[PDB]
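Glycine gets a Cβ as well: all are built from the backbone with ideal geometry, and neighbour counts include every protein chain shown. Read-outs throughout are calculated quantities, based only on the coordinates presented, and are distinct from any laboratory measurement.
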Amino acid sequence: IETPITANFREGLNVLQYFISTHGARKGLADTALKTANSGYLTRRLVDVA
Amino acid sequence: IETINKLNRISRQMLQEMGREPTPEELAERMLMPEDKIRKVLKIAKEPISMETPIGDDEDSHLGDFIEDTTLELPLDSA
Amino acid sequence: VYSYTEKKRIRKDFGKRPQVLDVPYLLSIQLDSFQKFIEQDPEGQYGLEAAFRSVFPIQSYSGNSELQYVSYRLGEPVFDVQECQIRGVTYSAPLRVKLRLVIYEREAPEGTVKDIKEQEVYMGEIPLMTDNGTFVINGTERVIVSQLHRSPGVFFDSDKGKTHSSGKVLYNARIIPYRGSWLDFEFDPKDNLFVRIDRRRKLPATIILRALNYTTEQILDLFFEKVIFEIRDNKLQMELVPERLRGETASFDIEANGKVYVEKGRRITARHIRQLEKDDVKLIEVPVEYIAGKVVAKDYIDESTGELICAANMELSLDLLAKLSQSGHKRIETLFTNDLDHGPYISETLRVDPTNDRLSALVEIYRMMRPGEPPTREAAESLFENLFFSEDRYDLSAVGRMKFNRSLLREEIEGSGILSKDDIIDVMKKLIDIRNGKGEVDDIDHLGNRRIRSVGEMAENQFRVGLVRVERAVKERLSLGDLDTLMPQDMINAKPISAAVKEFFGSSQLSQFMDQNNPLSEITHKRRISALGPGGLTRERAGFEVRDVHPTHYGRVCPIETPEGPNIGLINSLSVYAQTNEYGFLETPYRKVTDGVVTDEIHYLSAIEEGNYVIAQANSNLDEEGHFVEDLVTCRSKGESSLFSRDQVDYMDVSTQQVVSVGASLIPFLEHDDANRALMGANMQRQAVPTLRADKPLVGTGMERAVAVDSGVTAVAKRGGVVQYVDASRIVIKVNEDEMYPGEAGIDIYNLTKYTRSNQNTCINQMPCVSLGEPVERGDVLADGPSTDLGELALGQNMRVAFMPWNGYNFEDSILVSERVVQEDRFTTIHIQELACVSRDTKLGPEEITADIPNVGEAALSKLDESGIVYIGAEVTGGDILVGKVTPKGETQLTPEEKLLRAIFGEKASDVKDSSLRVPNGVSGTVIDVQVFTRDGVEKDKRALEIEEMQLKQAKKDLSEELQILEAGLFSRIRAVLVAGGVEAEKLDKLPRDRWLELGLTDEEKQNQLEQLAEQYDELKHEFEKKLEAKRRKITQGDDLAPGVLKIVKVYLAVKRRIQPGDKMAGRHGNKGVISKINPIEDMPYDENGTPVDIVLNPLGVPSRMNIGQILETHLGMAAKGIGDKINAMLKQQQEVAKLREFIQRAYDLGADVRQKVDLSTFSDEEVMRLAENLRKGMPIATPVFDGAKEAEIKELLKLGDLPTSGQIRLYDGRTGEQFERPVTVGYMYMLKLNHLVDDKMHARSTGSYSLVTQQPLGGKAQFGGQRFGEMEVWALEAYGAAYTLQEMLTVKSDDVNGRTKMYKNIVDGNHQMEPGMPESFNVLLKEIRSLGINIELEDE
RNA sequence: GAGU
């Protein structure tokens, strides 16, 4: 996004800014879940070979 | 089998007359059979439910993951 | 001015913008939708109505009989809420429907007066909804979750890149019905349009049009715009419209009129185009060179011989041109295909499709759908017809039709359900528009593209399916049986009705156990919205697409409330002010702004509507009842934010809190907290448990009143008046004549419920708030639910926390806490746990409940009555016997040694197992109550008889009280009536009370009201006396148990569970932790003042987690209590009313920028000192979300608390007396104890029950199960060289019977030798392989 | 509904 968040958590963000950040947040947490099963599976494959 | 058939045909009528359910006594009345016999048939009426039945609403368990063998005298008692 | 409860407790609100719209009823969705299902509205198509008329009236196949539906009546449900909860019944009402059989004649015309028989049949029971918006299913509280799904209509998607090294731009149209098989039109690599019906296989789209009744040339009309080609002499002319050229390099010298216009090769510009247009060109000379390569439209025959030459969609070559002009047709219809705008599409489709007529299209259709079934003509026709044009199979609904019609630019709202062929063609028209570049691609994810299914709409759905099965049975029976003699009630069975309904209610995904940990949990659950369910996605089926955060979610769903893990993205809470529109689409209320000035009008807009207009945020600064303060203002249009000037601005947000859900709205300084921790915060709040002692939160938002209000577990005054009687069980209020009905009596009775069991095993108790003789208003809080203070949400309790590192007791988010917490009994849970004792009947003999228990300590016998029932109020422990039970045994397996001893010592073995009801492991509390349900067959138990007699006299006493309380109201009213126009208080007072029916005064209003109230006595009397009979039909009746079960006893354990180390605690900010150690008061640091600390939280939990709002809460929290400090002091110091008033008001009016101005003045002395007492405990403030208290105003208040503005204080270590070298942040924060109790989390197993097939240890604390040592753990052992440990886990610890028993004995004997056997799992393996006919032998050496 |  072109315009960033100039403010800090000290000031507190508003409607818009906080909303903006949610995208990345949710994306991040969904990654921590669903994108880790790939790595687990990968590892098990390594295990079995070795 | 034929007795079971009677049961369920009558069940419909009785639910509609009462506005609710048929108690064994009331049912037993209309059939002119002994309540004990009715209750027996009600129990025997249960069909095989699967041992492999996913008990887990979340595919956790195939009913089997509950069942314990009471035949086994416990290692406590074997000692 | 304010109500009596607000006058009792104000919370200071730091809100800067004034909330114009009041917070909507939060449970509305549920209430109103369920209402729609049963709503008696004849013309209105809702629930029952809609379902019935859709199939009804059911006309006979033979045609000479018919079944008609008149109207229905809902019986008042036979089982009350309480009663169904008691017996484990589903709470429902009878539906009875008035139906008519009407019979025609054969021979005589169709004379409709042959046989007319009509009556009311019972159509089954309908599960009913509670006052709370909840449902009683098998005697447990369930909620039906709202369901998002993709709306019926048209979806136009692009596969961006997708497949191919090209990355072919390939589009698709998906046709979604409410009910019916699906249509897909998609683009092959070489641009040929393929159809997937029921998205099955890819056929040419043209085949579908063929089936639709279209000729090759008809399709080329409605798709391609023809070009007129004349042949004159040897030369060739086209009828050409000037605009057609448009962007086109010239191949010839184009001689129009006279002059050369287009140079051969020069790209045609707009100049050339307008020039020719104004010249008035019909015909233009062209070379025979141009047409070789074009296409021929119609199938022009050679009239002479009759011979066909150019076909429908054929390529043009030099020689055929000669043949055509030779056949003698003056006018030729070559095709328009330049690419660019109108490309080679329909043309190409027709070529790949070798099929021709309607019939062969229907054949290939049928052969894709049923490959291998012989193409009988009528079967194919019926298939295709029934696929899209069957009324019964295919319904798009107003939903589907409205969205469909909006995408294809139609004014018309409501459609005919079935696929009209215009629609179909329009579809392909718009797809191939987009392929040219005319349409936009739609996003599935648009809120306007996703519909929300509430209660009534879902119920209607599944109910309609019940009616479908009804049609198969009913209509079938309408034809066979002899019509005359047969009556309507014979035909109709309620079974499948109630089955399908109870299917939905019980078995469905959306119907779940309500979370009642606290009122927040319930309220939030009710309005949460899931993307799963029928017509919806599962976990694998959900990619990034719908999970990710859409700009449309603004003011509709909280972007910030969702379960972490695989559920994430799928389930989301409804935002605060948000509701469902007419079509179940999400909408948000917004303020109008007319010509610069901000009006007061609110309009609800859907997502689609929202895209259109330019909206200012709530945060934007507003000139007092005029315009906007800044010239260049902050707003968003068409989904995109930035700067606008005043005049351009159309609308505005009502308040900030509309962005966020209910849960998120409760968090105070969300503004300073990162979203990750925000998410966790909302989640934890949902798991907070009510303690013994409710405390109002120091730092709220203003929403804490609303939340409690809507939760509805609190009891609220529905008229207002004065409290006549106050009981910790009964609150009776005398209404003012204001709200008083001239019909009934004016006394309102609220019976409270104390200590009932929640689904979570938690506490549900009501405390009365107000006092006897208090005057209160409509909507005052009479009695509080569990986690509720005088109006306010009291989720948890607030403690003095000190942010500092301790000697590793606060290590990594771990918590240090004071013994003082237990001293005060804060954070002590009441858990009401339920156990059931079942006396079944085996053929081994019927089990019985008696005090008779072979080889038990008389310690265990002593607490039991003669019935074998635990005494009321006795406190017991895990392992202790509650209810005695005996079961049929059968021994006789005396192995040699046993017989010997039986002979010697005697002890004659009485056959009986120890079925008697044990208490759970490590659990100890008090029996709060006991219940007994005896089946009708066997006779009454001693204990049962006496307790059902207890309940008897209960009903009596309560009912007598009821009658007399309302009678007191009636009688009181008559005296107020008889004294107004007949001055007699001597004569009346001392005459008996029941002798006033005979009375008769002045005749007008006086007399009419008197008769109203007298007939109320007659009614009350006959009402009550049957009201009694009702409980006496219910209590007397033998209780209905499942087959095989003789009797049952429910027992409630009351455990007072004290906080300990390992319990789970958190704040609202996502900061959480386990109790590591409880320190004696002495250990904890203390103030200069001598006040010792309560909790010590690790500061290192702050910075990387990025929730700073908890710091803000801590500071504001100390100052809130600083307020309480000073006030408490002036209360102890008595002093004068005036001075207290001064301090208090100057406190409230602290903010230079505050909205809420509470100028005290007018308040009476009573109310003043009363208020002081309440704020003695520390003044409760309201920072609302985003619109909250700034740091400077907090600093300002810290001066009024006479405490450091930095909020840090120097602390003395209670152990050593040494000060900490620097000051630390101290202050009050609002803490909560979770539903996660270490008590439950403790579990261990040595030996117990094993698994049936594998013979491995079972799972769970429920079976005394062992942990799985998984392949992961295996790997660990393997990394070490630890072979024997591993082997233990594999054999002696699990499936090796001989091995585990032998090793057990070895351990006792002090051997510790292993000696392994063969694990049973491996044998399982062998046998299953041999079942598959695969030989596996283990080879000897 | 927990945590990694």
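Count, for each residue of A:23-35, the Cβ atoms from other chains sitting within 10 Å of its Cβ, then give me the mean as a whole number. Walk me through the intermediate numbers first.
On the way: counts 6, 3, 9, 11, 5, 2, 10, 12, 1, 3, 6, 10, 0.
Other-chain Cβ atoms within 10 Å of each residue's Cβ, averaged: 6.
Pick out, from C:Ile497, C:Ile273, C:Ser758, the residue whose Cα sits farthest towards the positive end of the charge dipole of the protein assembly as shown, with +1 on the Cβ of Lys and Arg and -1 on the Cβ of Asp and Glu.
The residue sitting farthest along the positive end of the dipole is C:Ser758.
With a point put 7 Å past each Cα toward its Cβ, work out how far C:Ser1321 is from C:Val1137 in nm, to one decimal.
It is 8.0 nm.
Give me the inter-chain shielding for C:1249-1258: mean count of other chain Cβ atoms within 10 Å, whole number please. Mind dumping the intermediate values first?
Details: counts 7, 5, 6, 8, 6, 2, 2, 1, 1, 4.
Rounded to a whole number, the mean comes out at 4.
Using alpha-carbon positions, what is the distance between the centroids of region C:49-77 and region C:752-773, in Å?
46
Amide H of C:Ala618 versus every other amide H placed in the peptide plane: which residues, excluding those fewer than 5 positions away on the same chain, fall under 5 Å?
Residues meeting the amide H criterion: C:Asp653.
Placing unit charges on C-beta atoms (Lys and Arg positive, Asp and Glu negative, everything else neutral), compute the dipole magnitude of chain B about its Cα centre in debye, rounded to 20. Intermediate values should be presented prior to the final figure.
Details: 10 positive and 19 negative charges, 196 e Å.
Using Cβ point charges on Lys, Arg, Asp and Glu, chain B gives about 940 debye.
Taking all pairs of different Cα atoms in region C:939-1038, averaging 1/r and flipping that mean, what Kirkwood radius in angstroms comes out? Display every interim value, and only then the final one.
Values: mean 1/r = 0.0617 Å⁻¹.
In region C:939-1038 this quantity evaluates to 16.2 Å.
How far, in nm, would the chain grow between C:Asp221 and C:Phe389 when pulled straight, counting 0.36 nm per residue and subtracting the alpha carbon separation? Could the numbers behind the result be given before it?
Working: separation 168, 0.36 × 168 = 60.48 nm, distance 2.41 nm.
The C:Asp221-C:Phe389 span can extend by a further 58.1 nm.
Which of the chymotrypsin sites (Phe, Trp or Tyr not before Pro) found in region C:1204-1256 are loop residues per DSSP with 16 or fewer other Cβ atoms within 10 Å of their Cβ?
Here the chymotrypsin sites (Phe, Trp or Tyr not before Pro) that fit, given the DSSP loop and packing criteria, are C:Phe1220.
Can you grab the distance from the C-alpha centre of region C:583-645 to the C-alpha centre of region C:1042-1109, Å, no decimals?
45
If you take the Cα Rg of region C:1-128 and divide it by 2.2 N^0.38 Å, with N the number of residues, what do you get? Walk me through the numbers on the way to the answer.
Details: Rg = 25.2 Å, N = 128, 2.2 N^0.38 = 13.9 Å.
Region C:1-128 yields a ratio of 1.81.
Separation of region C:908-938 and region C:121-135 by C-alpha centroid, Å?
What the calculation gives is 34 Å, centre to centre.
How long is the gain from C:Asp357 to C:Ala93 if the chain were fully straight, where each residue apart is worth 0.36 nm and the alpha carbon distance is subtracted? Please list the in-between numbers first.
Details: separation 264, 0.36 × 264 = 95.04 nm, distance 5.67 nm.
The C:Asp357-C:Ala93 span can extend by a further 89.4 nm.
Would you kindly calculate the translational diffusion coefficient of the protein assembly as shown, applying Stokes-Einstein with the Kirkwood radius from alpha carbon pairs, for 37 °C and a viscosity of 0.692 mPa s, and quote it in µm² s⁻¹ without decimals? Don't jump to the answer; show the numbers that get you there.
Details: Rh = 39.6 Å.
The calculation lands on 83 µm²/s.
If you split all Cα-Cα distances of region C:1192-1328 into 10 Å bins from zero, what percentages do you get per bin, shortest first?
The percentages, shortest bin first, are 9, 22, 20, 9, 9, 15, 11, 4, 0.
Kindly flag which residue pairs out of C:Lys696/C:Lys1261; C:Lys162/C:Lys190; C:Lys1077/C:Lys1233; C:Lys7/C:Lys1139 have an alpha-carbon separation exceeding 25 Å in this structure. List each step's numbers first, then the result.
Details: C:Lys696/C:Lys1261 36 Å; C:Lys162/C:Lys190 15 Å; C:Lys1077/C:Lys1233 16 Å; C:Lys7/C:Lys1139 18 Å.
Correct reply: C:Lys696/C:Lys1261.
Say the cut-off is 27 Å between C-alpha atoms; which of C:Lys114/C:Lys475; C:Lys843/C:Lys1293; C:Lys259/C:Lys282 go over it? Spell out each step's value before the answer.
Details: C:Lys114/C:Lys475 20 Å; C:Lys843/C:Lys1293 36 Å; C:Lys259/C:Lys282 15 Å.
Distance filter (> 27 Å) returns C:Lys843/C:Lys1293.
About its Cα centre, what dipole magnitude does chain C give when the only charges are +1 on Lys and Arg Cβ and -1 on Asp and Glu Cβ, stated in debye to the nearest 20? Working shown, then result.
Numbers: 170 positive and 214 negative charges, 393 e Å.
I would put it at about 1880 debye.
Have a look at C:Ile947, C:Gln1287, C:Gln1133 and report the one farthest towards the positive end of the charge dipole of chain C, computed about the Cα centre with Cβ charges (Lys/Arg +1, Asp/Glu -1).
The listed residue farthest towards the positive side: C:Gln1287.
How many partner chain Cβ atoms sit within 10 Å of a residue's Cβ in peptide B:66-73, on average, as a whole number? Spell out each step's value before the answer.
Details: counts 9, 7, 10, 6, 1, 0, 5, 1.
Going residue by residue through B:66-73 and averaging, the value is 5.
What ranking of C:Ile1127, C:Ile853, C:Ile444 emerges when the number of other C-beta atoms within 10 Å of each C-beta is taken as an exposure proxy, fewest first? Before the final figure, lay out the partial values.
Values: C:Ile1127 23, C:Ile853 20, C:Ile444 13.
Taking fewest neighbouring Cβ atoms as first place, the list is C:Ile444, C:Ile853, C:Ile1127.
What are the extents of the Cα atoms of region C:1256-1341 along their three principal axes, in Å, largest first?
44, 38, 29
Quick one: pull the percentage of alpha-carbon pairs in region C:257-394 with a separation above 21 Å.
Values: 6139 of 9453 pairs.
More than 21 Å apart: 65 percent of the Cα pairs in region C:257-394.
Straight-line reach from C:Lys298: which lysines fall under 17 Å, measuring Cα to Cα and dropping same-chain residues less than 8 apart?
C:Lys226, C:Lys323, C:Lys330
Convert 10 °C to kelvin, take the viscosity as 1.306 mPa s, use the Kirkwood radius over C-alpha pairs of chain C as Rh, and evaluate the Stokes-Einstein diffusion coefficient in µm²/s, rounded to a whole number.
Details: Rh = 39.2 Å.
Reported coefficient: 40 µm²/s.
Considering amide H positions built from the backbone, and no H for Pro or chain starts, which residues 5 or more places from C:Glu248, or on another chain, come under 5 Å of its amide H?
Under 5 Å from the amide H of C:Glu248 lie the amide H atoms of C:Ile268, each far enough along the sequence or on another chain.
Convex hull volume of the Cα atoms in region C:387-437, per residue, in Å³?
Working: hull volume 3.8 nm³, N = 51.
Here the figure is 74 Å³ per residue.
Show which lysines lie in cross-link reach of C:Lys592 when reach means a straight Cα distance below 23 angstrom and same-chain residues fewer than eight apart are skipped.
Partners found: C:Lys16, C:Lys638.
Taking the number of other C-beta atoms within 10 Å as the exposure measure, put C:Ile284, C:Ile207 in order starting with the fewest. Don't skip to the answer; put the middle values down first.
Details: C:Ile284 17, C:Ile207 27.
Ranked by crowding around the Cβ, least crowded first: C:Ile284, C:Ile207.
Short version: ³J(HN,Hα) in whole Hz for each residue of region C:1005-1015, in order, from phi by Karplus 6.51 cos²θ - 1.76 cosθ + 1.60 (θ = phi - 60°), x for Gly and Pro, what are they?
4, 4, 6, 5, 5, 3, 5, 3, 6, 4, 6
What's log10 of I(q)/I(0) for region C:1032-1084 at q = 0.19, 0.20, 0.23, 0.30 Å⁻¹, Debye sum over Cα points only, no solvent?
Ignoring solvent entirely, the Cα scatterers give -0.88, -0.95, -1.08, -1.14.
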